[PDB]
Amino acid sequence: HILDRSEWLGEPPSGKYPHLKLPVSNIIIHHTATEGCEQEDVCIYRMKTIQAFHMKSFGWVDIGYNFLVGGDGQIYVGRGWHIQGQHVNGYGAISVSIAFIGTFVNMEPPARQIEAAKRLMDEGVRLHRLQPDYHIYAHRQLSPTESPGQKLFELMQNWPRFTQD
């Protein structure tokens, strides 16, 4: 279940932003450092609120992430596959971001949230958005941040395609 901008009731982007050359080789895992969401209506509310924060507080053209996944086990489309993402605690790696909605410092995401990210990535490969040999990194490997949270970072150690280096 993938909710696009029309389904999470988002605003259109306020301007253009550099395109991503596809397929991309890297996925970067974030957390949103907000409350999590375990049912669609709450996830949609969170998405709207995060988009507003990014657009109004930071002045960005759109919610910063390419994709987000909710504790409801659903995928939320942010900027999508074709547009470069933007992130607090920035980095320049050519990649697509997936933000786990929530804060995973001392709690883990439910299985269904992790499974949503996995499903998103396999679809990326099928539709030629992600290279077949793509690698997965944590935001904190690339920038001085806690993101995606200690507990989620621990879980990632055993993920297929997770790259320590």
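From 1 onward, residues are counted along the sequence shown.
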Looking at the entry, does 45-53 or 107-115 show the higher mean C-alpha B-factor?
107-115
Higher mean Cα B-factor in the deposited model: 26-34 or 56-64?
56-64
Within-chain third of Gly80 by Cα B-factor, per the entry:
middle
Mind checking which third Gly10 falls in for C-alpha B-factor across the chain?
middle
Ranking every modelled residue in this chain by its Cα temperature factor as given in the entry, which third contains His139?
lowest
